[PDB]
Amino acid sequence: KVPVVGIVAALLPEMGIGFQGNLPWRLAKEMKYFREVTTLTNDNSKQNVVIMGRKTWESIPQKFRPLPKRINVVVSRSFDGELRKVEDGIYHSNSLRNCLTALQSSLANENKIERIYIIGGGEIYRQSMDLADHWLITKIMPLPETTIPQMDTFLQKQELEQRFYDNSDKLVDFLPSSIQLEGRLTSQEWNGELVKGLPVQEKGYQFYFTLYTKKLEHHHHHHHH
C-alpha cells in the first residue's frame, strides 16, 4: 500500500522536461524542493525510494549520486534481475513494473519505506502513468521577456489529464510536514490553461508546485476466488 508518486518539473504549455540528456534550465529552488520532498519522511525510521531510468542516472553529477538518504534504483533493459543491490544505496533493475512489485513486498521492505518516487526519464514517466497514484508536477512558465528554452523530451500531458485531476488544494497536506514553502496557494491563467499551486520565482522563470491525483474510478470488477 506504499504510495507511488511521480515527481517532475515541466515547462508549460507543452510540458517539456529535458533537452540533449539534461535539464533545459537550472533552478536551485526547484532542485531544493525536489531534494527535500524525496528525502524527508513523516516517519524518521523510514526512507523514500527514488526510481529512475539509466539515462537520467547518467545525467546526475557523479558527485551527487546516489542521492543521499534515499534508496536509489536504476532501471535498464540489460540489468540482471528485478531488484538487486549492486552498491551501497544503489539497486539495479531490468524492469520498472517488476521493480515496483518487489518494493511493495512488506516482507522485503519491512514497512521501512514511506513513499516511492519516480524521479523521471521521459521514457520512464511515459510508463508511469498507469503506475503512479499521484503526480508532483512543478509547472514552469517563462516570464514575459524570458526565452523559451529548446527541449526534446516531454511529459504525456494528454495521459496525465485523462487519468489525473489537479488536486493542488491538497498539496501542503500531502507533503511531509517538515517542509515549508514561501508562497501560498495561488490560482492564475496562463496561455489559456488554469495554473494552481504554490508559486515561486527564480531567474527568468515562474513556477508552481502542484499535485495531481488519480481520478475516481468506476467499479466494474473485483476479483473473486
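So that there is no doubt, residue numbering starts at 1 and follows the sequence shown.
*Asks:* Please compare 37-45 with 176-184 and say which has the higher mean C-alpha temperature factor in the record.
*Replies:* Between 176-184 and 37-45, it is 176-184 that shows the higher mean C-alpha B-factor.
*Asks:* Looking only at CA atoms, which has the higher mean B factor in the entry: 150-158 or 107-115?
*Replies:* The deposited B-factors put 107-115 ahead on the C-alpha mean.
*Asks:* Reading the B-factor column of the entry, which of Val86, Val75, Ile124, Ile71 has the highest value at its C-alpha atom?
*Replies:* The C-alpha B-factor peaks, among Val86, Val75, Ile124, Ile71, at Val86.
*Asks:* For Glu189, does the deposited CA B-factor place it in the lowest, middle or highest third of the chain?
*Replies:* Tercile = highest for this residue's CA B-factor.
*Asks:* Considering only modelled residues of the same chain, in which third does the CA B-factor of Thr210 rank: lowest, middle or highest?
*Replies:* Lowest third.
*Asks:* Classify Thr56 as lowest, middle or highest third according to the C-alpha B-factor given in the PDB entry, relative to its own chain.
*Replies:* Bottom third by C-alpha B-factor.
*Asks:* Relative to the other modelled residues of the same chain, rank the CA B-factor of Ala102 and answer lowest, middle or highest third.
*Replies:* It belongs to the highest third of the chain when residues are ordered by C-alpha B-factor.
*Asks:* Within this chain, which third does the Cα B-factor at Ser168 fall in: lowest, middle or highest?
*Replies:* For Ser168, the deposited C-alpha B-factor lands in the middle third.
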